Structures are given as structure tokens and as C-alpha cells.
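This is upload.txt. It holds compact mmCIF, N, CA, C and O atoms.
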# COMPACT_ATOMS: atom_id res chain seq x y z
N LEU A 533 126.33 89.78 120.57
CA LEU A 533 126.15 90.55 119.35
C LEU A 533 127.20 91.66 119.28
O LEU A 533 127.93 91.93 120.24
N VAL A 534 127.25 92.32 118.13
CA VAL A 534 128.16 93.43 117.89
C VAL A 534 127.36 94.62 117.38
O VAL A 534 126.19 94.51 117.05
N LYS A 535 128.03 95.77 117.33
CA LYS A 535 127.44 97.00 116.85
C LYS A 535 128.24 97.55 115.69
O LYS A 535 129.47 97.41 115.65
N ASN A 536 127.53 98.16 114.73
CA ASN A 536 128.09 99.08 113.74
C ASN A 536 129.11 98.42 112.82
O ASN A 536 130.11 99.03 112.44
N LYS A 537 128.86 97.16 112.44
CA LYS A 537 129.72 96.46 111.50
C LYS A 537 128.91 95.41 110.75
O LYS A 537 127.93 94.88 111.28
N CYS A 538 129.33 95.13 109.52
CA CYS A 538 128.60 94.17 108.69
C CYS A 538 128.84 92.76 109.19
O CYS A 538 129.97 92.26 109.17
N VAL A 539 127.77 92.11 109.64
CA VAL A 539 127.84 90.83 110.33
C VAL A 539 126.71 89.94 109.83
O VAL A 539 125.61 90.41 109.55
N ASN A 540 127.01 88.65 109.66
CA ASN A 540 126.07 87.70 109.08
C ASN A 540 125.26 87.07 110.21
O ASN A 540 125.58 85.99 110.70
N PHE A 541 124.18 87.74 110.60
CA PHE A 541 123.39 87.31 111.75
C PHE A 541 122.43 86.19 111.35
O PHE A 541 121.80 86.24 110.29
N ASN A 542 122.37 85.17 112.19
CA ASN A 542 121.31 84.16 112.16
C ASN A 542 120.49 84.43 113.40
O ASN A 542 120.91 84.13 114.52
N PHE A 543 119.32 85.01 113.21
CA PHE A 543 118.61 85.63 114.31
C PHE A 543 117.31 84.85 114.48
O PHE A 543 116.31 85.15 113.84
N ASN A 544 117.39 83.77 115.28
CA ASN A 544 116.38 82.77 115.66
C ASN A 544 115.38 82.43 114.55
O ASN A 544 114.19 82.21 114.79
N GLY A 545 115.88 82.31 113.32
CA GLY A 545 115.05 82.07 112.17
C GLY A 545 115.32 83.05 111.05
O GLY A 545 115.33 82.67 109.87
N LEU A 546 115.57 84.31 111.40
CA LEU A 546 115.84 85.37 110.43
C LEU A 546 117.33 85.41 110.15
O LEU A 546 118.13 85.65 111.06
N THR A 547 117.71 85.18 108.91
CA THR A 547 119.12 85.17 108.53
C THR A 547 119.34 86.22 107.45
O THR A 547 118.81 86.11 106.34
N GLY A 548 120.11 87.26 107.79
CA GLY A 548 120.47 88.28 106.84
C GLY A 548 121.88 88.78 107.09
O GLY A 548 122.62 88.23 107.91
N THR A 549 122.25 89.83 106.36
CA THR A 549 123.51 90.53 106.56
C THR A 549 123.24 92.02 106.73
O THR A 549 122.25 92.54 106.22
N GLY A 550 124.13 92.68 107.45
CA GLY A 550 124.03 94.12 107.59
C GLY A 550 124.64 94.58 108.90
O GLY A 550 125.05 93.78 109.74
N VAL A 551 124.69 95.89 109.05
CA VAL A 551 125.18 96.48 110.28
C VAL A 551 124.04 96.49 111.30
O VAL A 551 122.86 96.53 110.95
N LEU A 552 124.41 96.42 112.57
CA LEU A 552 123.44 96.42 113.66
C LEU A 552 123.65 97.66 114.50
O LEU A 552 124.75 97.91 115.00
N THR A 553 122.58 98.44 114.67
CA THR A 553 122.67 99.74 115.29
C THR A 553 121.52 99.87 116.28
O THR A 553 120.46 99.28 116.08
N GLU A 554 121.78 100.57 117.39
CA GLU A 554 120.76 100.92 118.37
C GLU A 554 119.63 101.71 117.71
O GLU A 554 119.88 102.75 117.09
N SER A 555 118.41 101.22 117.82
CA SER A 555 117.32 101.80 117.06
C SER A 555 116.37 102.57 117.96
O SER A 555 116.13 102.21 119.12
N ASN A 556 115.80 103.64 117.41
CA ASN A 556 114.95 104.54 118.17
C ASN A 556 113.48 104.15 118.15
O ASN A 556 112.72 104.64 119.00
N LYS A 557 113.06 103.30 117.22
CA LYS A 557 111.66 102.92 117.14
C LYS A 557 111.28 101.98 118.27
O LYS A 557 112.07 101.13 118.69
N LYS A 558 110.06 102.13 118.77
CA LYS A 558 109.58 101.35 119.90
C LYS A 558 108.59 100.31 119.41
O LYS A 558 107.64 100.64 118.68
N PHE A 559 108.80 99.07 119.82
CA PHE A 559 107.94 97.96 119.44
C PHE A 559 106.77 97.86 120.41
O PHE A 559 106.60 98.69 121.31
N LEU A 560 105.95 96.85 120.22
CA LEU A 560 105.00 96.34 121.18
C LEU A 560 105.61 95.12 121.86
O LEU A 560 106.43 94.44 121.24
N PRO A 561 105.28 94.83 123.13
CA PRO A 561 106.06 93.83 123.88
C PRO A 561 105.95 92.40 123.37
O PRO A 561 106.77 91.56 123.77
N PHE A 562 104.99 92.09 122.50
CA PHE A 562 104.96 90.79 121.85
C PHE A 562 105.64 90.79 120.49
O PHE A 562 106.03 89.72 120.02
N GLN A 563 105.75 91.95 119.84
CA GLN A 563 106.27 92.05 118.49
C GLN A 563 107.76 91.71 118.46
O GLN A 563 108.49 92.06 119.39
N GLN A 564 108.19 91.02 117.41
CA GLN A 564 109.54 90.49 117.39
C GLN A 564 110.43 91.22 116.39
O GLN A 564 111.51 91.70 116.74
N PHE A 565 110.01 91.31 115.14
CA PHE A 565 110.81 92.01 114.15
C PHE A 565 109.91 92.93 113.35
O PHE A 565 108.69 92.75 113.28
N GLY A 566 110.52 93.95 112.74
CA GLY A 566 109.79 94.94 111.98
C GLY A 566 110.07 94.80 110.50
O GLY A 566 110.99 94.09 110.08
N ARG A 567 109.24 95.47 109.71
CA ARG A 567 109.50 95.67 108.29
C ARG A 567 108.72 96.90 107.87
O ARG A 567 107.76 97.30 108.53
N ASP A 568 109.15 97.50 106.77
CA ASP A 568 108.47 98.68 106.25
C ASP A 568 107.79 98.43 104.91
O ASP A 568 106.58 98.66 104.79
N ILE A 569 108.52 97.95 103.91
CA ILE A 569 107.98 97.68 102.59
C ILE A 569 108.66 96.41 102.07
O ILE A 569 109.89 96.35 102.02
N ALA A 570 107.85 95.40 101.74
CA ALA A 570 108.25 94.21 100.98
C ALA A 570 109.31 93.38 101.70
O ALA A 570 110.41 93.15 101.19
N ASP A 571 108.96 92.95 102.92
CA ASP A 571 109.77 92.06 103.77
C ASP A 571 111.15 92.61 104.10
O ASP A 571 112.03 91.85 104.52
N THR A 572 111.39 93.91 103.92
CA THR A 572 112.67 94.50 104.26
C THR A 572 112.72 94.59 105.78
O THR A 572 112.22 95.54 106.38
N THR A 573 113.30 93.57 106.39
CA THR A 573 113.32 93.44 107.84
C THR A 573 114.29 94.46 108.41
O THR A 573 115.47 94.17 108.61
N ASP A 574 113.79 95.67 108.65
CA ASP A 574 114.65 96.77 109.06
C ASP A 574 115.06 96.68 110.52
O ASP A 574 116.14 97.15 110.88
N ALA A 575 114.23 96.09 111.37
CA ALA A 575 114.49 96.09 112.80
C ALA A 575 114.16 94.74 113.40
O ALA A 575 113.20 94.09 112.97
N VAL A 576 114.96 94.32 114.37
CA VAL A 576 114.75 93.09 115.11
C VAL A 576 114.92 93.36 116.60
O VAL A 576 115.59 94.32 117.00
N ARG A 577 114.33 92.49 117.41
CA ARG A 577 114.38 92.58 118.87
C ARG A 577 115.11 91.35 119.39
O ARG A 577 114.59 90.23 119.27
N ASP A 578 116.31 91.55 119.97
CA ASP A 578 117.13 90.39 120.32
C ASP A 578 116.57 89.68 121.56
O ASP A 578 116.20 90.33 122.54
N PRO A 579 116.48 88.34 121.51
CA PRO A 579 115.59 87.63 122.44
C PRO A 579 116.11 87.48 123.86
O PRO A 579 115.31 87.44 124.80
N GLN A 580 117.42 87.38 124.05
CA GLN A 580 117.95 87.18 125.39
C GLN A 580 118.23 88.50 126.11
O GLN A 580 118.73 88.48 127.23
N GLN B 920 99.88 151.16 76.59
CA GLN B 920 101.03 150.52 77.22
C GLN B 920 100.79 150.23 78.70
O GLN B 920 101.13 149.14 79.18
N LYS B 921 100.21 151.19 79.43
CA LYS B 921 99.99 151.00 80.86
C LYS B 921 98.92 149.95 81.12
O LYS B 921 99.02 149.16 82.06
N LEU B 922 97.89 149.92 80.27
CA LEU B 922 96.84 148.91 80.37
C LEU B 922 97.39 147.52 80.11
O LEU B 922 97.05 146.56 80.82
N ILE B 923 98.29 147.39 79.13
CA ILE B 923 98.88 146.10 78.80
C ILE B 923 99.81 145.64 79.91
O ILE B 923 99.83 144.45 80.28
N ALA B 924 100.57 146.57 80.50
CA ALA B 924 101.43 146.24 81.63
C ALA B 924 100.61 145.78 82.83
O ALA B 924 100.97 144.81 83.51
N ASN B 925 99.48 146.46 83.09
CA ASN B 925 98.60 146.06 84.18
C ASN B 925 98.00 144.68 83.95
O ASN B 925 97.91 143.87 84.89
N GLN B 926 97.61 144.38 82.71
CA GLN B 926 97.07 143.05 82.40
C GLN B 926 98.13 141.97 82.55
O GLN B 926 97.83 140.86 83.00
N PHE B 927 99.37 142.29 82.19
CA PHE B 927 100.48 141.35 82.35
C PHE B 927 100.71 141.01 83.83
O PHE B 927 100.82 139.83 84.19
N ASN B 928 100.79 142.04 84.68
CA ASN B 928 101.02 141.78 86.10
C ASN B 928 99.85 141.07 86.75
O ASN B 928 100.05 140.18 87.59
N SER B 929 98.62 141.40 86.34
CA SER B 929 97.44 140.72 86.87
C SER B 929 97.41 139.26 86.46
O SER B 929 97.06 138.39 87.27
N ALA B 930 97.81 138.95 85.23
CA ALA B 930 97.82 137.55 84.79
C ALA B 930 98.91 136.75 85.49
O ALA B 930 98.69 135.57 85.83
N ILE B 931 100.07 137.35 85.73
CA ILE B 931 101.14 136.66 86.45
C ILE B 931 100.72 136.37 87.90
O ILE B 931 100.92 135.25 88.41
N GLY B 932 100.11 137.36 88.56
CA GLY B 932 99.59 137.13 89.90
C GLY B 932 98.48 136.10 89.93
O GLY B 932 98.37 135.33 90.89
N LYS B 933 97.66 136.05 88.88
CA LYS B 933 96.61 135.04 88.80
C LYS B 933 97.19 133.64 88.63
O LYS B 933 96.62 132.67 89.12
N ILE B 934 98.33 133.51 87.93
CA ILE B 934 99.00 132.21 87.84
C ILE B 934 99.53 131.78 89.20
O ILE B 934 99.39 130.60 89.59
N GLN B 935 100.15 132.71 89.93
CA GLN B 935 100.61 132.43 91.29
C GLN B 935 99.46 131.95 92.18
O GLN B 935 99.56 130.91 92.83
N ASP B 936 98.32 132.66 92.13
CA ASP B 936 97.15 132.28 92.91
C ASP B 936 96.57 130.94 92.46
O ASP B 936 96.19 130.11 93.29
N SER B 937 96.50 130.71 91.14
CA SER B 937 95.87 129.51 90.59
C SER B 937 96.66 128.26 90.93
O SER B 937 96.08 127.26 91.35
N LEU B 938 97.98 128.30 90.76
CA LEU B 938 98.77 127.13 91.12
C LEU B 938 98.93 126.99 92.62
O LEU B 938 99.11 125.87 93.11
N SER B 939 98.87 128.10 93.38
CA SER B 939 99.01 127.97 94.83
C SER B 939 97.77 127.37 95.47
O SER B 939 97.87 126.60 96.43
N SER B 940 96.59 127.71 94.96
CA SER B 940 95.35 127.25 95.58
C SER B 940 94.90 125.91 95.00
O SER B 940 94.75 124.93 95.74
N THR B 941 94.70 125.85 93.69
CA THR B 941 94.16 124.65 93.07
C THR B 941 95.25 123.59 92.95
O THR B 941 96.29 123.84 92.34
N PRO B 942 95.05 122.39 93.52
CA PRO B 942 96.03 121.32 93.33
C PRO B 942 95.69 120.45 92.12
O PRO B 942 94.70 120.70 91.43
N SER B 943 96.55 119.46 91.87
CA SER B 943 96.51 118.54 90.73
C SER B 943 96.59 119.24 89.38
O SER B 943 96.17 118.69 88.36
N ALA B 944 97.13 120.46 89.36
CA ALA B 944 97.56 121.06 88.10
C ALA B 944 98.93 120.58 87.69
O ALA B 944 99.30 120.71 86.52
N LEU B 945 99.68 119.99 88.62
CA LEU B 945 100.97 119.37 88.38
C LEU B 945 100.85 117.86 88.29
O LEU B 945 101.70 117.13 88.81
N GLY B 946 99.78 117.39 87.67
CA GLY B 946 99.56 115.95 87.56
C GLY B 946 100.58 115.26 86.69
O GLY B 946 100.94 114.11 86.95
N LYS B 947 101.09 115.96 85.67
CA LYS B 947 101.98 115.36 84.69
C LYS B 947 103.37 115.07 85.24
O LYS B 947 104.08 114.25 84.66
N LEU B 948 103.78 115.71 86.33
CA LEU B 948 105.04 115.39 86.99
C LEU B 948 104.85 114.41 88.13
O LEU B 948 105.65 113.47 88.31
N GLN B 949 103.78 114.62 88.90
CA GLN B 949 103.48 113.78 90.05
C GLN B 949 103.17 112.35 89.62
O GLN B 949 103.55 111.40 90.31
N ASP B 950 102.51 112.17 88.48
CA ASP B 950 102.20 110.82 88.05
C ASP B 950 103.44 110.11 87.50
O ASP B 950 103.53 108.89 87.61
N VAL B 951 104.39 110.86 86.94
CA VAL B 951 105.67 110.28 86.53
C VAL B 951 106.42 109.75 87.75
O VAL B 951 106.89 108.60 87.77
N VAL B 952 106.49 110.58 88.80
CA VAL B 952 107.17 110.18 90.04
C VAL B 952 106.47 108.98 90.68
O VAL B 952 107.11 108.00 91.08
N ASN B 953 105.14 109.03 90.74
CA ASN B 953 104.36 107.96 91.34
C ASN B 953 104.46 106.66 90.56
O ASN B 953 104.53 105.59 91.16
N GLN B 954 104.49 106.74 89.23
CA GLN B 954 104.54 105.53 88.42
C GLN B 954 105.91 104.87 88.51
O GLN B 954 106.00 103.64 88.60
N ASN B 955 106.98 105.68 88.55
CA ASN B 955 108.31 105.12 88.76
C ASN B 955 108.45 104.48 90.13
O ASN B 955 109.02 103.39 90.27
N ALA B 956 107.92 105.15 91.17
CA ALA B 956 108.04 104.61 92.52
C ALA B 956 107.18 103.37 92.70
O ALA B 956 107.57 102.44 93.42
N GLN B 957 106.03 103.31 92.03
CA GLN B 957 105.19 102.12 92.07
C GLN B 957 105.87 100.94 91.39
O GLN B 957 105.78 99.80 91.88
N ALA B 958 106.54 101.19 90.26
CA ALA B 958 107.26 100.11 89.58
C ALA B 958 108.42 99.59 90.42
O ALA B 958 108.62 98.37 90.53
N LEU B 959 109.18 100.49 91.06
CA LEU B 959 110.28 100.03 91.91
C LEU B 959 109.77 99.32 93.15
O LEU B 959 110.37 98.32 93.60
N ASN B 960 108.65 99.79 93.70
CA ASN B 960 108.05 99.15 94.87
C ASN B 960 107.57 97.75 94.56
O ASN B 960 107.80 96.82 95.35
N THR B 961 106.90 97.55 93.42
CA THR B 961 106.48 96.19 93.11
C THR B 961 107.65 95.31 92.68
O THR B 961 107.58 94.08 92.86
N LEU B 962 108.75 95.90 92.19
CA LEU B 962 109.95 95.12 91.94
C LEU B 962 110.53 94.56 93.23
O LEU B 962 110.95 93.40 93.27
N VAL B 963 110.55 95.36 94.29
CA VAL B 963 111.00 94.80 95.57
C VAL B 963 109.92 93.89 96.18
O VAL B 963 110.24 92.94 96.91
N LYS B 964 108.64 94.13 95.87
CA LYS B 964 107.57 93.27 96.36
C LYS B 964 107.64 91.87 95.76
O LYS B 964 107.13 90.92 96.35
N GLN B 965 108.25 91.74 94.58
CA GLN B 965 108.36 90.43 93.94
C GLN B 965 109.30 89.46 94.66
O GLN B 965 109.30 88.28 94.30
N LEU B 966 110.10 89.91 95.62
CA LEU B 966 111.01 88.98 96.28
C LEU B 966 110.31 88.09 97.29
O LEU B 966 110.84 87.02 97.62
N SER B 967 109.15 88.50 97.78
CA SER B 967 108.44 87.71 98.77
C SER B 967 107.75 86.49 98.17
O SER B 967 107.30 85.62 98.92
As C-alpha cells, please, write out the structure in this file.
Amino acid sequence: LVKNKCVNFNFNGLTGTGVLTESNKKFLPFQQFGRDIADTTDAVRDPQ
Amino acid sequence: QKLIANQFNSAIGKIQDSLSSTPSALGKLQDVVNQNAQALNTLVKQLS
């Protein structure tokens, strides 16, 4: 993966575009991706 | 004149107290903001 640049990620099912940045929010150990309002997938957890 | 000046200052202070303590006197602005934000929120909700 890359950081801080617009990249067309295909993320094990989730396919979007955007910059990827180190995030401060903490997940639960089973949770995979986040959203806040209306499927806006703001955060993902990279699997490998 | 002094009585009228005293009534003026007392009424202005009563407005400060009334709007500071009692809420939902600003309903006409808050509902405008809430209705616009609700419309934009359901517009993004329609993508799912």
C-alpha cells in the first residue's frame, strides 16, 4: 500500500478511491471497516 | 427620565437572562439548519 496520495484501492471487496492516511480511531479486533453516515467508508483495516 | 432609563436597562438585562436560561427561543434558526442538514443527509443516504 501507499500513503497520502489518491489511489484506486481494491480492498478485499471494498473498491473506492481516495488518499490513505494513518488513522487515530481504534477498532474492535473483529471489525474490518468503518463508516459514519450513509456507507461513507471512512476507515479500513488492512488484512495482511 | 431616570425611571425610563432604569426600565430600559432592566428590560435589556431581562432579555439577556431570558435567552441565556430558556432554550428553544431560537427555534426558527435551529430548525432551518436542521432541515437543511436532514435533506443533505438523506440525499447521501439515497446512494445505499
Can you check which residues of chain A have any atom within 7 Å of chain B? Use only N, CA, C and O atoms and format it as a PDB file with N, CA, C and O atoms, in the coordinates of the input.
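And here's result_21.pdb as it stands now:
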ATOM      1  N   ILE A 569     108.520  97.950 103.910  1.00  0.00           N
ATOM      2  CA  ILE A 569     107.980  97.680 102.590  1.00  0.00           C
ATOM      3  C   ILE A 569     108.660  96.410 102.070  1.00  0.00           C
ATOM      4  O   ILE A 569     109.890  96.350 102.020  1.00  0.00           O
ATOM      5  N   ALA A 570     107.850  95.400 101.740  1.00  0.00           N
ATOM      6  CA  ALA A 570     108.250  94.210 100.980  1.00  0.00           C
ATOM      7  C   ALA A 570     109.310  93.380 101.700  1.00  0.00           C
ATOM      8  O   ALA A 570     110.410  93.150 101.190  1.00  0.00           O
ATOM      9  N   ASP A 571     108.960  92.950 102.920  1.00  0.00           N
ATOM     10  CA  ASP A 571     109.770  92.060 103.770  1.00  0.00           C
ATOM     11  C   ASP A 571     111.150  92.610 104.100  1.00  0.00           C
ATOM     12  O   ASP A 571     112.030  91.850 104.520  1.00  0.00           O
TER      13      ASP A 571
END
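Running DSSP on the backbone and keeping only strand (DSSP E or B), the residues of chain A that qualify are residues 539, 540, 541, 542, 543, 546, 547, 548, 549, 550, 565 and 576 of chain A.
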Would you mind reading off the distance between atom N of residue 551 in chain A and atom N of residue 537 in chain A, one decimal, in Å?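 According to the coordinates, atom N of residue 551 in chain A and atom N of residue 537 in chain A are separated by 5.5 Å.
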Would you mind reading off the distance between CA of residue 568 in chain A and CA of residue 555 in chain A, one decimal, in Å?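 Interatomic distance, CA of residue 568 in chain A to CA of residue 555 in chain A: 14.3 Å.
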How many Å separate CA of residue 550 in chain A from CA of residue 579 in chain A?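 For CA of residue 550 in chain A relative to CA of residue 579 in chain A, the distance reads 18.3 Å.
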